[PDB]
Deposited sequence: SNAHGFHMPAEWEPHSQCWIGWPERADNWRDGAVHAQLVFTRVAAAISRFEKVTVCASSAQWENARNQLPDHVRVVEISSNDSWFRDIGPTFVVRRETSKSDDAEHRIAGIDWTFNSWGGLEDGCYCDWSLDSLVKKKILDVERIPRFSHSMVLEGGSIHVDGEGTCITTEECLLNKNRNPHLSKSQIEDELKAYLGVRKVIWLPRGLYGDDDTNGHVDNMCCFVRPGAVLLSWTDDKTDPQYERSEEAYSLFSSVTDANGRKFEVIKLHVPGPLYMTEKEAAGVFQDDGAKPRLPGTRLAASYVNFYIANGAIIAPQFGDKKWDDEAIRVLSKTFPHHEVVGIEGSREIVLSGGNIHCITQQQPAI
C-alpha cells in the first residue's frame, strides 16, 4: 500500500551530500562546495534541508551553510544523493518508508562503493523510518513518477547488462510497479547523449511537470546526436497514454552548448579529460515546496531561455536559477542528482 509521491508534492525536508573527493571534483572540490552551499541555501528558503558531510568536512560544511540548514555526519564515497539516498514511499501504522535499492556505482564493476551503499540505511536510521531492502540495482535518478500511477524511465539505463542482467524488462517493470506503487511504466529507449557515466538516467532526459505533462531535453540542431534521442522520446510520448488514460503534453527544454570540459577544468582533478562533452540539461532541476531550483551553466542565451520556459511551465512556483551549476556537471551531474526529497506525511 505504499507509493512514491511526485516530486512536487509536499516535503518535510531535502537530503544533500557534500563533495570532497579530489579525484572527481577539481581543486579539491572547493568550487563544487560553493555550489552545493548555494543549492542547499536556495532550497532551504522553501523546505528544511539536511546536508551530510564526512568527519573531515563537517566543520567546513557547517561554516559555509546557514544556521537553519542541519549538518550531519554521514560518510560516503561521493555526493550524489539522488542516486545513493533512499527513495521514500508513503501510505496515506507506518505512513512513510524508504526503499534501499542496491547500488553498484552506476554499473561500475564493468571502484569502491561500499560507503555509498550504506547511505540509504544511514539516512533512514537517523529518521527512524522503516527500510524496505531490495536486491535489484537501481538509482533514484533513473526513474521519475507522477504520483498518480505512472513512471518514466530509460531502457538505456535499466536494461543495461551492467545493472540487473539476471532480470528481463518484464521483471524489472514488475519491481518498479510493486515498490513505487505504479501501474504503467513508460520506457524511453535512450537518455541524454553524452551521459555515459549513468547510462542515460531519465532525470537528465525528461521529467514530469504534472500528471499528463513532461519537460523533455531538446535541441533544434538536427546535426547534433541529441536530436535523434529527443525526437524518439517526443514520438513515444505522442503515441502513448499514462496509467490513467491521459495523453501527454510535451514541453521542450533546450539543452545548452554543447559544453565541453576545458584544459583548466580537467587539470584540476587529481579520469576527467580535456574536451569531454558535458552531459548538461536544464531538465536536471529540483522541485522544492513551491520552487523550481534550476541549473544555470554560464551559457547566457540558453540559461535565460530555460528560466523563461520553466517559469511558464510552473506558474505557481518560484523559479530560482543557480549560478555556477557548470561546476556540478563537470563531475557528471546536476541539481537533481545532488538532492533527495523526503515527502511529508
item: Deposited-sequence stretches lacking C-alpha coordinates, listed in sequence order; value: 1 to 4, 97 to 104, 123 to 126, 287 to 292
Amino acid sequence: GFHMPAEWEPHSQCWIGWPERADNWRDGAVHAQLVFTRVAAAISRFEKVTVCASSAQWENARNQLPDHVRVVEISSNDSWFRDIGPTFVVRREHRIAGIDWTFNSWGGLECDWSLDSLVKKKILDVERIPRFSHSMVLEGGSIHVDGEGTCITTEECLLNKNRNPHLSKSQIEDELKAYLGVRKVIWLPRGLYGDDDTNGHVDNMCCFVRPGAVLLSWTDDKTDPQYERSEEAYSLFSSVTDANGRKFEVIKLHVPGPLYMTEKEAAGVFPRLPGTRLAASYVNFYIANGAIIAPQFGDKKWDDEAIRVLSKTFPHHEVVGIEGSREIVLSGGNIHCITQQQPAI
From here on, numbers count along this sequence of modelled residues.
query	finding
Mean Cα B-factor comparison, 251 to 259 or 80 to 88, giving the higher one as deposited	251 to 259
Average Cα temperature factor in the PDB entry - higher stretch of 35 to 43, 311 to 319	311 to 319
Of the residues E265, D195, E155, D242, the one carrying the largest Cα B-factor as recorded	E265
Among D203, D112, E139, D100 - the residue whose C-alpha B-factor is largest in the record	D112
Record-listed C-alpha B factor of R277: chain third	middle
Among modelled residues of the same chain, the CA temperature factor third for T223	highest
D125 CA temperature factor, ranked by third within the chain	lowest
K184 - Cα temperature factor, lowest/middle/highest third of chain	middle
Third of the chain, ranked by Cα B-factor, where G147 sits	middle
